[PDB]
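Source file: my_file.tsv. Holds: TSV, C-alpha atoms.
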```tsv
chain	number	residue	atom	x	y	z
A	3	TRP	CA	41.07	12.11	53.50
A	4	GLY	CA	38.84	12.16	56.57
A	5	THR	CA	41.60	13.48	58.84
A	6	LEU	CA	41.90	16.81	56.98
A	7	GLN	CA	40.12	18.62	59.82
A	8	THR	CA	42.60	17.31	62.40
A	9	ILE	CA	45.79	18.19	60.52
A	10	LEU	CA	44.48	21.56	59.33
A	11	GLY	CA	43.17	22.29	62.81
A	12	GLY	CA	46.51	21.29	64.29
A	13	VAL	CA	48.28	23.80	62.07
A	14	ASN	CA	45.55	26.33	62.92
A	15	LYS	CA	46.23	26.15	66.66
A	16	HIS	CA	50.00	26.60	66.25
A	17	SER	CA	49.84	29.68	64.05
A	18	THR	CA	50.10	33.45	64.42
A	19	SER	CA	47.60	36.08	63.26
A	20	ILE	CA	48.61	36.08	59.59
A	21	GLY	CA	49.52	32.39	59.72
A	22	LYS	CA	45.84	31.54	60.12
A	23	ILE	CA	44.92	33.69	57.11
A	24	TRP	CA	47.68	32.03	55.07
A	25	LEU	CA	46.29	28.58	55.88
A	26	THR	CA	42.83	29.42	54.55
A	27	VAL	CA	44.32	30.61	51.25
A	28	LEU	CA	46.37	27.44	50.75
A	29	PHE	CA	43.54	25.04	51.55
A	30	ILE	CA	40.39	26.69	50.19
A	31	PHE	CA	41.68	28.64	47.20
A	32	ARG	CA	44.50	26.31	46.12
A	33	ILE	CA	43.87	22.71	47.20
A	34	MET	CA	40.13	22.81	46.48
A	35	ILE	CA	40.59	24.58	43.14
A	36	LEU	CA	43.14	21.94	42.10
A	37	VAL	CA	40.80	19.12	43.19
A	38	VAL	CA	37.22	20.05	42.32
A	39	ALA	CA	37.75	22.13	39.16
A	40	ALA	CA	41.23	22.02	37.61
A	41	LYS	CA	42.00	18.30	37.72
A	42	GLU	CA	39.10	17.47	35.40
A	43	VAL	CA	39.93	20.26	32.93
A	44	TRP	CA	43.24	18.51	32.21
A	45	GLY	CA	41.64	15.07	31.90
A	46	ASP	CA	41.77	14.92	28.08
A	47	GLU	CA	45.03	16.83	27.64
A	48	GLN	CA	46.53	14.21	25.30
A	49	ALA	CA	43.35	12.38	24.26
A	50	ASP	CA	41.96	15.54	22.62
A	51	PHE	CA	45.34	16.69	21.30
A	52	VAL	CA	44.80	16.82	17.52
A	53	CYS	CA	47.57	17.04	14.92
A	54	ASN	CA	47.10	17.63	11.18
A	55	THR	CA	49.30	14.82	9.94
A	56	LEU	CA	49.34	11.20	8.83
A	57	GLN	CA	52.70	10.37	10.42
A	58	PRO	CA	52.56	7.65	13.10
A	59	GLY	CA	54.12	8.72	16.38
A	60	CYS	CA	54.11	12.39	15.38
A	61	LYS	CA	51.31	13.22	17.83
A	62	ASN	CA	53.19	11.61	20.74
A	63	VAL	CA	56.45	13.51	20.24
A	64	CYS	CA	54.72	16.84	19.60
A	65	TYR	CA	52.60	16.71	22.75
A	66	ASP	CA	55.66	15.65	24.75
A	67	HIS	CA	57.76	18.48	23.32
A	68	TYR	CA	55.26	21.21	24.23
A	69	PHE	CA	53.96	19.86	27.57
A	70	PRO	CA	56.97	18.26	29.28
A	71	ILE	CA	55.16	18.57	32.62
A	72	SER	CA	51.41	19.00	32.97
A	73	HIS	CA	50.15	22.12	34.71
A	74	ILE	CA	48.13	20.17	37.28
A	75	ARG	CA	51.15	17.97	38.03
A	76	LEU	CA	53.28	21.08	38.60
A	77	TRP	CA	50.75	22.53	41.04
A	78	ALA	CA	50.52	19.23	42.92
A	79	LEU	CA	54.29	19.24	43.39
A	80	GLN	CA	54.35	22.91	44.44
A	81	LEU	CA	51.60	22.41	47.02
A	82	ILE	CA	53.48	19.56	48.68
A	83	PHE	CA	56.75	21.53	48.68
A	84	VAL	CA	55.10	24.50	50.43
A	85	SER	CA	53.37	22.18	52.91
A	86	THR	CA	56.29	20.38	54.57
A	87	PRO	CA	57.96	23.51	56.07
A	88	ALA	CA	54.73	24.63	57.72
A	89	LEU	CA	53.87	21.22	59.15
A	90	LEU	CA	57.42	20.47	60.30
A	91	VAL	CA	57.47	23.67	62.35
A	92	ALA	CA	53.93	22.94	63.54
A	93	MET	CA	55.02	19.51	64.76
A	94	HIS	CA	58.07	21.04	66.47
A	95	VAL	CA	55.89	23.63	68.25
A	96	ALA	CA	53.64	20.81	69.47
A	97	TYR	CA	56.72	19.00	70.78
A	98	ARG	CA	57.97	22.19	72.47
A	99	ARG	CA	54.59	22.66	74.17
A	130	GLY	CA	64.20	30.69	71.95
A	131	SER	CA	65.14	28.14	69.31
A	132	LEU	CA	61.73	28.62	67.65
A	133	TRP	CA	63.02	31.81	66.03
A	134	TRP	CA	65.52	29.96	63.84
A	135	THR	CA	62.88	27.46	62.67
A	136	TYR	CA	59.87	29.74	62.15
A	137	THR	CA	61.94	32.23	60.16
A	138	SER	CA	63.53	29.40	58.17
A	139	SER	CA	60.16	27.88	57.26
A	140	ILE	CA	58.89	31.24	56.01
A	141	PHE	CA	62.12	31.78	54.08
A	142	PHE	CA	61.95	28.31	52.53
A	143	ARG	CA	58.31	28.76	51.51
A	144	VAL	CA	59.07	32.04	49.73
A	145	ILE	CA	61.95	30.43	47.84
A	146	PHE	CA	59.84	27.43	46.82
A	147	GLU	CA	56.91	29.57	45.67
A	148	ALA	CA	59.13	31.88	43.62
A	149	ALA	CA	61.01	28.96	42.05
A	150	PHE	CA	57.83	27.23	40.87
A	151	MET	CA	56.41	30.48	39.48
A	152	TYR	CA	59.69	31.01	37.62
A	153	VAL	CA	59.54	27.44	36.27
A	154	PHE	CA	55.96	28.03	35.12
A	155	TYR	CA	56.90	31.17	33.20
A	156	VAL	CA	60.10	29.99	31.50
A	157	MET	CA	58.87	26.50	30.58
A	158	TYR	CA	55.48	27.66	29.26
A	159	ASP	CA	56.68	30.99	27.73
A	160	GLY	CA	54.02	33.00	29.56
A	161	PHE	CA	50.69	32.38	31.25
A	162	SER	CA	48.58	32.08	28.08
A	163	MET	CA	47.97	28.79	26.31
A	164	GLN	CA	47.95	29.01	22.51
A	165	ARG	CA	45.36	27.27	20.36
A	166	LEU	CA	47.92	26.15	17.76
A	167	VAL	CA	51.38	24.66	18.31
A	168	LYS	CA	53.81	24.21	15.40
A	169	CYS	CA	56.01	21.15	15.80
A	170	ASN	CA	59.00	19.87	13.83
A	171	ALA	CA	60.52	17.09	15.97
A	172	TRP	CA	61.32	13.71	14.46
A	173	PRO	CA	59.51	11.80	12.97
A	174	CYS	CA	57.13	14.61	11.97
A	175	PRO	CA	57.69	15.73	8.35
A	176	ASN	CA	58.64	19.42	8.04
A	177	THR	CA	56.43	21.38	10.50
A	178	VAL	CA	53.11	19.95	11.70
A	179	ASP	CA	50.17	21.95	13.03
A	180	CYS	CA	48.63	20.66	16.26
A	181	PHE	CA	45.72	21.87	18.35
A	182	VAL	CA	45.32	22.02	22.13
A	183	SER	CA	42.27	20.95	24.12
A	184	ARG	CA	40.52	23.77	26.02
A	185	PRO	CA	43.26	26.43	25.78
A	186	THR	CA	41.02	29.17	27.21
A	187	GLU	CA	39.84	27.14	30.21
A	188	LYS	CA	43.48	26.38	31.01
A	189	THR	CA	44.46	30.05	30.73
A	190	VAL	CA	41.77	31.13	33.20
A	191	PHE	CA	42.76	28.53	35.79
A	192	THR	CA	46.48	29.24	35.42
A	193	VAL	CA	46.05	32.98	35.99
A	194	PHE	CA	43.91	32.17	39.04
A	195	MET	CA	46.58	29.89	40.52
A	196	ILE	CA	49.46	32.26	39.75
A	197	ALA	CA	47.65	35.24	41.27
A	198	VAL	CA	46.96	33.34	44.49
A	199	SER	CA	50.59	32.19	44.66
A	200	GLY	CA	51.60	35.82	44.24
A	201	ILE	CA	49.45	36.68	47.25
A	202	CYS	CA	51.09	33.91	49.29
A	203	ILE	CA	54.45	35.52	48.51
A	204	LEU	CA	53.23	38.89	49.78
A	205	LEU	CA	51.71	37.42	52.95
A	206	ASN	CA	54.94	35.59	53.76
A	207	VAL	CA	56.88	38.82	53.23
A	208	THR	CA	54.87	40.68	55.88
A	209	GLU	CA	55.36	37.82	58.35
A	210	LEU	CA	59.08	38.35	57.78
A	211	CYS	CA	58.71	42.12	58.25
A	212	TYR	CA	56.73	41.60	61.46
A	213	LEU	CA	59.44	39.29	62.79
A	214	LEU	CA	62.40	41.30	61.47
A	215	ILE	CA	61.51	44.51	63.32
A	216	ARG	CA	61.10	42.61	66.60
A	217	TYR	CA	64.70	41.34	66.83
A	218	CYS	CA	67.03	43.22	64.46
A	219	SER	CA	65.14	46.53	64.35
B	3	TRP	CA	44.12	3.82	-37.55
B	4	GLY	CA	43.80	1.71	-40.69
B	5	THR	CA	44.95	4.45	-43.06
B	6	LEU	CA	48.35	4.79	-41.35
B	7	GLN	CA	50.02	2.84	-44.15
B	8	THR	CA	48.36	5.18	-46.66
B	9	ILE	CA	49.55	8.45	-45.11
B	10	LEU	CA	52.99	7.13	-44.14
B	11	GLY	CA	53.43	5.64	-47.60
B	12	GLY	CA	52.32	8.87	-49.24
B	13	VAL	CA	54.67	10.97	-47.13
B	14	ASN	CA	57.45	8.45	-47.83
B	15	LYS	CA	57.15	8.92	-51.60
B	16	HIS	CA	57.35	12.73	-51.40
B	17	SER	CA	60.57	13.06	-49.43
B	18	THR	CA	64.31	13.39	-49.89
B	19	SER	CA	66.96	10.84	-48.89
B	20	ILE	CA	67.38	12.06	-45.31
B	21	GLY	CA	63.68	12.88	-45.00
B	22	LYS	CA	62.85	9.18	-45.24
B	23	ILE	CA	65.11	8.46	-42.26
B	24	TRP	CA	63.32	11.19	-40.30
B	25	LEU	CA	60.02	9.48	-41.10
B	26	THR	CA	61.30	6.28	-39.47
B	27	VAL	CA	62.50	7.97	-36.27
B	28	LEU	CA	59.30	9.99	-35.87
B	29	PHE	CA	56.88	7.10	-36.19
B	30	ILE	CA	58.71	4.04	-34.86
B	31	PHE	CA	60.69	5.65	-32.06
B	32	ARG	CA	58.35	8.47	-31.02
B	33	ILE	CA	54.73	7.61	-31.84
B	34	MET	CA	55.04	3.90	-31.10
B	35	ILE	CA	56.89	4.46	-27.82
B	36	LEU	CA	54.30	7.03	-26.76
B	37	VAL	CA	51.38	4.74	-27.61
B	38	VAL	CA	52.65	1.27	-26.74
B	39	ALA	CA	54.58	1.98	-23.55
B	40	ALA	CA	54.71	5.56	-22.28
B	41	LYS	CA	51.00	6.39	-22.13
B	42	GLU	CA	50.05	3.84	-19.48
B	43	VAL	CA	53.16	4.58	-17.44
B	44	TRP	CA	51.38	7.88	-16.74
B	45	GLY	CA	47.94	6.28	-16.44
B	46	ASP	CA	48.01	6.43	-12.62
B	47	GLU	CA	49.85	9.74	-12.14
B	48	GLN	CA	47.27	11.40	-9.89
B	49	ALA	CA	45.65	8.26	-8.46
B	50	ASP	CA	48.84	7.20	-6.65
B	51	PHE	CA	50.09	10.67	-5.90
B	52	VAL	CA	50.40	10.34	-2.11
B	53	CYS	CA	50.71	13.24	0.35
B	54	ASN	CA	51.52	12.96	4.06
B	55	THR	CA	48.68	15.10	5.38
B	56	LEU	CA	45.11	15.12	6.66
B	57	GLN	CA	44.13	18.36	4.90
B	58	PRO	CA	41.27	18.07	2.37
B	59	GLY	CA	42.22	19.41	-1.03
B	60	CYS	CA	45.96	19.50	-0.37
B	61	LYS	CA	46.63	16.56	-2.69
B	62	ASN	CA	44.69	18.26	-5.49
B	63	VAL	CA	46.59	21.54	-5.34
B	64	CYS	CA	50.00	19.94	-4.79
B	65	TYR	CA	49.64	17.69	-7.83
B	66	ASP	CA	48.42	20.64	-9.91
B	67	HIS	CA	51.33	22.82	-8.79
B	68	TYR	CA	54.01	20.29	-9.72
B	69	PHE	CA	52.46	18.84	-12.91
B	70	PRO	CA	50.64	21.68	-14.68
B	71	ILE	CA	50.92	19.74	-17.96
B	72	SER	CA	51.57	16.01	-18.03
B	73	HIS	CA	54.62	14.70	-19.89
B	74	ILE	CA	52.59	12.51	-22.24
B	75	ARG	CA	50.23	15.37	-23.09
B	76	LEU	CA	53.24	17.60	-23.75
B	77	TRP	CA	54.63	14.92	-26.08
B	78	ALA	CA	51.28	14.51	-27.83
B	79	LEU	CA	51.17	18.23	-28.60
B	80	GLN	CA	54.77	18.21	-29.82
B	81	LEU	CA	54.16	15.27	-32.15
B	82	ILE	CA	51.21	17.06	-33.74
B	83	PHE	CA	53.13	20.32	-34.14
B	84	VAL	CA	56.13	18.70	-35.86
B	85	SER	CA	53.92	16.55	-38.11
B	86	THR	CA	51.93	19.30	-39.83
B	87	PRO	CA	54.81	21.08	-41.68
B	88	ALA	CA	55.88	17.74	-43.13
B	89	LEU	CA	52.38	16.69	-44.19
B	90	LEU	CA	51.46	20.08	-45.66
B	91	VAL	CA	54.57	20.16	-47.86
B	92	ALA	CA	54.07	16.53	-48.90
B	93	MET	CA	50.52	17.42	-49.95
B	94	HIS	CA	51.89	20.40	-51.90
B	95	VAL	CA	54.37	18.09	-53.64
B	96	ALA	CA	51.46	15.91	-54.77
B	97	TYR	CA	49.69	18.94	-56.26
B	98	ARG	CA	52.87	19.97	-58.09
B	99	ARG	CA	53.26	16.41	-59.38
B	100	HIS	CA	49.57	16.44	-60.33
B	101	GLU	CA	50.06	19.52	-62.52
B	102	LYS	CA	52.95	17.96	-64.46
B	103	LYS	CA	51.15	14.67	-65.12
B	104	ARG	CA	47.99	16.44	-66.31
B	105	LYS	CA	50.07	18.27	-68.96
B	124	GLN	CA	60.77	8.87	-58.02
B	125	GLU	CA	63.19	11.04	-56.04
B	126	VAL	CA	61.97	14.46	-54.93
B	127	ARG	CA	64.04	17.39	-56.22
B	128	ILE	CA	63.69	21.01	-55.08
B	129	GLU	CA	63.52	23.23	-58.17
B	130	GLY	CA	61.27	26.29	-57.92
B	131	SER	CA	58.64	27.46	-55.45
B	132	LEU	CA	59.12	24.17	-53.58
B	133	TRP	CA	62.29	25.75	-52.19
B	134	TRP	CA	60.51	28.28	-49.99
B	135	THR	CA	58.09	25.62	-48.76
B	136	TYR	CA	60.65	22.89	-48.07
B	137	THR	CA	63.23	25.21	-46.53
B	138	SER	CA	60.49	26.58	-44.28
B	139	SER	CA	58.99	23.25	-43.22
B	140	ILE	CA	62.46	22.12	-42.15
B	141	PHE	CA	63.05	25.43	-40.38
B	142	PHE	CA	59.70	25.30	-38.57
B	143	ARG	CA	60.30	21.75	-37.36
B	144	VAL	CA	63.63	22.72	-35.81
B	145	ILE	CA	62.01	25.65	-34.01
B	146	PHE	CA	59.02	23.61	-32.81
B	147	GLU	CA	61.21	20.84	-31.41
B	148	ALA	CA	63.56	23.30	-29.71
B	149	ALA	CA	60.61	25.11	-28.12
B	150	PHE	CA	59.20	21.90	-26.64
B	151	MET	CA	62.63	20.78	-25.45
B	152	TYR	CA	63.03	24.16	-23.77
B	153	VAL	CA	59.62	23.95	-22.09
B	154	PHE	CA	60.39	20.43	-20.86
B	155	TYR	CA	63.61	21.59	-19.22
B	156	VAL	CA	62.34	24.84	-17.71
B	157	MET	CA	59.02	23.62	-16.32
B	158	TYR	CA	60.37	20.35	-14.90
B	159	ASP	CA	63.78	21.78	-13.81
B	160	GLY	CA	65.51	19.02	-15.76
B	161	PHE	CA	64.84	15.55	-17.10
B	162	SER	CA	64.85	13.63	-13.79
B	163	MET	CA	61.64	13.09	-11.84
B	164	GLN	CA	62.04	13.20	-8.07
B	165	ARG	CA	60.53	10.76	-5.59
B	166	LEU	CA	59.62	13.49	-3.09
B	167	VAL	CA	58.13	16.92	-3.76
B	168	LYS	CA	57.72	19.52	-1.02
B	169	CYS	CA	54.55	21.57	-1.32
B	170	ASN	CA	53.30	24.64	0.53
B	171	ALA	CA	50.48	26.00	-1.65
B	172	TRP	CA	47.20	26.81	0.05
B	173	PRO	CA	45.41	25.05	1.72
B	174	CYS	CA	48.33	22.85	2.75
B	175	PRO	CA	49.57	23.63	6.30
B	176	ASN	CA	53.24	24.71	6.25
B	177	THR	CA	55.13	22.31	3.93
B	178	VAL	CA	53.74	18.89	2.97
B	179	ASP	CA	55.63	15.84	1.71
B	180	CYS	CA	54.20	14.19	-1.40
B	181	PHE	CA	55.32	11.12	-3.32
B	182	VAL	CA	55.30	10.57	-7.08
B	183	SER	CA	54.21	7.37	-8.82
B	184	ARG	CA	56.98	5.52	-10.70
B	185	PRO	CA	59.56	8.35	-10.88
B	186	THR	CA	62.35	6.13	-12.24
B	187	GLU	CA	60.18	4.65	-15.00
B	188	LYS	CA	59.11	8.16	-16.00
B	189	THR	CA	62.70	9.43	-15.97
B	190	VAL	CA	63.79	6.62	-18.31
B	191	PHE	CA	61.11	7.45	-20.88
B	192	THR	CA	61.77	11.18	-20.55
B	193	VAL	CA	65.45	10.67	-21.37
B	194	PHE	CA	64.51	8.43	-24.30
B	195	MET	CA	62.09	10.96	-25.80
B	196	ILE	CA	64.45	13.93	-25.41
B	197	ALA	CA	67.36	11.99	-26.91
B	198	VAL	CA	65.35	10.98	-29.98
B	199	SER	CA	64.05	14.54	-30.35
B	200	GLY	CA	67.63	15.80	-30.33
B	201	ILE	CA	68.48	13.29	-33.06
B	202	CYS	CA	65.62	14.64	-35.17
B	203	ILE	CA	66.99	18.16	-34.74
B	204	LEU	CA	70.43	17.04	-35.91
B	205	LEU	CA	68.92	15.27	-38.92
B	206	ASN	CA	66.90	18.37	-39.80
B	207	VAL	CA	69.93	20.66	-39.56
B	208	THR	CA	71.85	18.50	-42.04
B	209	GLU	CA	69.04	18.80	-44.59
B	210	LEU	CA	69.40	22.56	-44.24
B	211	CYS	CA	73.14	22.18	-44.84
B	212	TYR	CA	72.47	20.09	-47.95
B	213	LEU	CA	70.13	22.77	-49.30
B	214	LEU	CA	72.28	25.69	-48.13
B	215	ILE	CA	75.35	24.61	-50.11
B	216	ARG	CA	73.28	24.10	-53.27
B	217	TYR	CA	71.61	27.52	-53.59
B	218	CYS	CA	73.58	30.08	-51.56
B	219	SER	CA	76.97	28.38	-51.96
```
Now that the file is in, can you turn its structure into structure tokens?
Amino acid sequence: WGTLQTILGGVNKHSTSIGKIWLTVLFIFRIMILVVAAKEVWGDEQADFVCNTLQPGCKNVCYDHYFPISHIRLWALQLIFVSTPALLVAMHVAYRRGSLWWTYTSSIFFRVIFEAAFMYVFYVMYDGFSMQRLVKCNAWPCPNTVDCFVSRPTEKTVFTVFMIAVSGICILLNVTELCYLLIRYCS
Amino acid sequence: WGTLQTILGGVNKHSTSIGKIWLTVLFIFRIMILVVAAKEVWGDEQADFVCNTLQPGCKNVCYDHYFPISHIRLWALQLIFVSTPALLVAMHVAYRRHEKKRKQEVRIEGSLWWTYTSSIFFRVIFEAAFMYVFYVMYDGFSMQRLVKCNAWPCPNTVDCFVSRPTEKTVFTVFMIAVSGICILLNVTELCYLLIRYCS
């Protein structure tokens, strides 16, 4: 998109001190990582999924059972969910240019909730942050238990720790922006 | 073999009344069944053993685990073991008859007692041992369509499929039933001898 400078710049103008630091983390360390490096790592997620079996359809059900949602698809959804509250406030500030307190605090509160929900979903669904080389599968029509092997498990572990750590930082930065605002009014 | 009539005829002459029946059941209903029909039922046992796996060597070890000794090879050994005590005694009867002529119903008079009563006793034990091995090693007389295998190098448990299990079950039941008949026939010959000497 050739208008990225305009929309990012528009958010940049209508932002506080920390809010400008938060924007550089979301765009440079999260959007670019998901676009230039991570999206190609997951290219052959199912094509290079190898199962030690002769059963037709066993590979399809086993990959589906262990990867109900791809990692890169989860991060694409999370990025969009933590992007609407910031832009909606930014558009409202532009329209205003009082009531801004109840929107700016709400957007920060919503972003923290969204970021913690996705991180929780990542942990519970994928039983940790480490991808295993071998998955044992016993769903129909696979006979007994079938051994299957994941494509690039180590590459995916490095990029998932990187994304989780950055999201953890975004939680901390949004907490301080609440602490800065909380002491102004109710303290 | 072209001398089959010679050996069977010779054994037939040197036998008791029941012993001639036992000659018929052994050759017609055990040797002929094994040769004419049973042997090529098992001809493809490993070739069409099929395992649902991609692991090299898993078919080899799974077939070996479940069929350490083939049925037809077990029957071939049993037939040889239960044939020697009969042939050895029949040869000894010829030597005893040879001595008298050099000086047609077989009668047990002297030292022939401890040979005949032992050949009958050995044949009962040999048949019971093979019937026991058949039951214990193959957990019964029915062959299953599916065997589940987990010996190395098979990953977890692997499904494998036997060639002609029903055909093999039918011939297994036939061979065990005839073998049990031969045991019953042999026990009666002991009873005939037991009431003569020690009764």
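Contacts from chain A to chain B at a cut-off of 7 Å (only C-alpha atoms) map to residues 54, 55, 56, 57, 175, 176, 177 and 179 of chain A.
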Go ahead and write the selection's residues with C-alpha atoms as a PDB file, in the frame of the given file.
```
ATOM      1  CA  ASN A  54      47.100  17.630  11.180  1.00  0.00           C
ATOM      2  CA  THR A  55      49.300  14.820   9.940  1.00  0.00           C
ATOM      3  CA  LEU A  56      49.340  11.200   8.830  1.00  0.00           C
ATOM      4  CA  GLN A  57      52.700  10.370  10.420  1.00  0.00           C
ATOM      5  CA  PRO A 175      57.690  15.730   8.350  1.00  0.00           C
ATOM      6  CA  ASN A 176      58.640  19.420   8.040  1.00  0.00           C
ATOM      7  CA  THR A 177      56.430  21.380  10.500  1.00  0.00           C
ATOM      8  CA  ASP A 179      50.170  21.950  13.030  1.00  0.00           C
TER       9      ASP A 179
END
```
Between atom CA of residue 46 of chain A and atom CA of residue 78 of chain A - distance in Å to one decimal =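 According to the coordinates, atom CA of residue 78 of chain A and atom CA of residue 46 of chain A are separated by 17.8 Å.
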Distance table requested - segment 64-201 of chain B against segment 43-49 of chain B, cut-off 12 Å, all atoms listed in the file: one row per qualifying residue with the closest atom pair and its distance in Å to one decimal, ordered by chain and rising residue number, as JSON lines.
```
{"residue": "B:64", "atom": "CA", "partner": "B:48", "partner_atom": "CA", "distance": 10.3}
{"residue": "B:65", "atom": "CA", "partner": "B:48", "partner_atom": "CA", "distance": 7.0}
{"residue": "B:66", "atom": "CA", "partner": "B:48", "partner_atom": "CA", "distance": 9.3}
{"residue": "B:68", "atom": "CA", "partner": "B:48", "partner_atom": "CA", "distance": 11.2}
{"residue": "B:69", "atom": "CA", "partner": "B:47", "partner_atom": "CA", "distance": 9.5}
{"residue": "B:70", "atom": "CA", "partner": "B:48", "partner_atom": "CA", "distance": 11.8}
{"residue": "B:71", "atom": "CA", "partner": "B:47", "partner_atom": "CA", "distance": 11.6}
{"residue": "B:72", "atom": "CA", "partner": "B:44", "partner_atom": "CA", "distance": 8.2}
{"residue": "B:73", "atom": "CA", "partner": "B:44", "partner_atom": "CA", "distance": 8.2}
{"residue": "B:74", "atom": "CA", "partner": "B:44", "partner_atom": "CA", "distance": 7.3}
{"residue": "B:75", "atom": "CA", "partner": "B:44", "partner_atom": "CA", "distance": 9.9}
{"residue": "B:180", "atom": "CA", "partner": "B:48", "partner_atom": "CA", "distance": 11.3}
{"residue": "B:181", "atom": "CA", "partner": "B:48", "partner_atom": "CA", "distance": 10.4}
{"residue": "B:182", "atom": "CA", "partner": "B:47", "partner_atom": "CA", "distance": 7.5}
{"residue": "B:183", "atom": "CA", "partner": "B:47", "partner_atom": "CA", "distance": 6.0}
{"residue": "B:184", "atom": "CA", "partner": "B:43", "partner_atom": "CA", "distance": 7.8}
{"residue": "B:185", "atom": "CA", "partner": "B:47", "partner_atom": "CA", "distance": 9.9}
{"residue": "B:186", "atom": "CA", "partner": "B:43", "partner_atom": "CA", "distance": 10.7}
{"residue": "B:187", "atom": "CA", "partner": "B:43", "partner_atom": "CA", "distance": 7.4}
{"residue": "B:188", "atom": "CA", "partner": "B:43", "partner_atom": "CA", "distance": 7.1}
{"residue": "B:189", "atom": "CA", "partner": "B:43", "partner_atom": "CA", "distance": 10.8}
{"residue": "B:190", "atom": "CA", "partner": "B:43", "partner_atom": "CA", "distance": 10.9}
{"residue": "B:191", "atom": "CA", "partner": "B:43", "partner_atom": "CA", "distance": 9.1}
{"residue": "B:192", "atom": "CA", "partner": "B:43", "partner_atom": "CA", "distance": 11.3}
```
Would you output that residue set with C-alpha atoms, as a compact mmCIF listing (two decimals), keeping the file's coordinate frame?
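So result.txt came out as:
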```txt
# COMPACT_ATOMS: atom_id res chain seq x y z
CA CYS B 64 50.00 19.94 -4.79
CA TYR B 65 49.64 17.69 -7.83
CA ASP B 66 48.42 20.64 -9.91
CA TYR B 68 54.01 20.29 -9.72
CA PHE B 69 52.46 18.84 -12.91
CA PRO B 70 50.64 21.68 -14.68
CA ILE B 71 50.92 19.74 -17.96
CA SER B 72 51.57 16.01 -18.03
CA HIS B 73 54.62 14.70 -19.89
CA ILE B 74 52.59 12.51 -22.24
CA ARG B 75 50.23 15.37 -23.09
CA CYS B 180 54.20 14.19 -1.40
CA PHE B 181 55.32 11.12 -3.32
CA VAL B 182 55.30 10.57 -7.08
CA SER B 183 54.21 7.37 -8.82
CA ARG B 184 56.98 5.52 -10.70
CA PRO B 185 59.56 8.35 -10.88
CA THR B 186 62.35 6.13 -12.24
CA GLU B 187 60.18 4.65 -15.00
CA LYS B 188 59.11 8.16 -16.00
CA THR B 189 62.70 9.43 -15.97
CA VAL B 190 63.79 6.62 -18.31
CA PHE B 191 61.11 7.45 -20.88
CA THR B 192 61.77 11.18 -20.55
```
So that all listed atoms of segment 193-202 of chain B fit with 8 Å spare on each side, what axis-aligned box centre and edge lengths in Å, to one decimal, would you give as lines of an AutoDock Vina configuration file?
```
center_x = 65.3
center_y = 12.1
center_z = -28.3
size_x = 22.4
size_y = 23.4
size_z = 29.8
```
Two-atom distance - atom CA of residue 22 of chain A, atom CA of residue 79 of chain A (Å) |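 Taking atom CA of residue 22 of chain A as the start and atom CA of residue 79 of chain A as the end point, the length is 22.4 Å.
Near residue 32 of chain A, within 9 Å and counting all atoms listed in the file, sit residues 27, 28, 29, 30, 34, 35, 36, 37, 77, 81, 195, 198 and 199 of chain A; same-chain residues fewer than 2 positions away were not included.
With all atoms listed in the file as the basis for measurement, A:80 is the residue among A:86, A:208, A:219, A:80 that approaches residue 151 of chain A most closely.
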Contacts of residue 96 of chain B at 12 Å or less, counting all atoms listed in the file, minus same-chain residues fewer than 5 places along, as a PyMOL selection string?
-> chain B and resi 12-17+89-91+101-103+126+132
Quick one: distance from atom CA of residue 72 of chain A to atom CA of residue 158 of chain A in Å, one decimal?
->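 Distance between the two atoms: 10.3 Å.
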Top pick for closest residue to residue 73 of chain A, considering A:157, A:144, A:89, A:96 and counting only C-alpha atoms | A:157
Residues at most 9 Å from residue 192 of chain A, counting all atoms listed in the file, excluding those fewer than 5 positions away in the same chain, as a PyMOL selection string?
-> chain A and resi 73+161-162+187+197
Residues near residue 148 of chain A, cut-off 9 Å, only C-alpha atoms, skip fewer than 5 positions along chain, as a PyMOL selection string = chain A and resi 143+153+199-200+203
Could you give me, as a list in words, the residues within 12 Å of residue 52 of chain A, counting all atoms listed in the file and dropping anything in the same chain fewer than 3 positions from it?
-> residues 46, 47, 48, 49, 55, 56, 60, 61, 62, 64, 65, 165, 166, 167, 168, 178, 179, 180, 181, 182, 183 and 184 of chain A; 56 of chain B
Within 12 Å of (62.0, 39.9, 65.7), in the coordinates the file gives, what residues turn up when you count only C-alpha atoms, written out as a PyMOL selection string?
-> chain A and resi 130+132-134+136-137+209-219
If I put a ball of radius 12 Å at (71.4, 25.8, -50.4) in the file's coordinates, which residues poke into it when counting only C-alpha atoms, written as a ChimeraX atom specification?
-> /B:128-129,133-134,136-137,208-219
Hey, which of B:171, B:203, B:38, B:196 ends up closest to residue 63 of chain B? Count all atoms listed in the file.
->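 Smallest distance to residue 63 of chain B is found for B:171.
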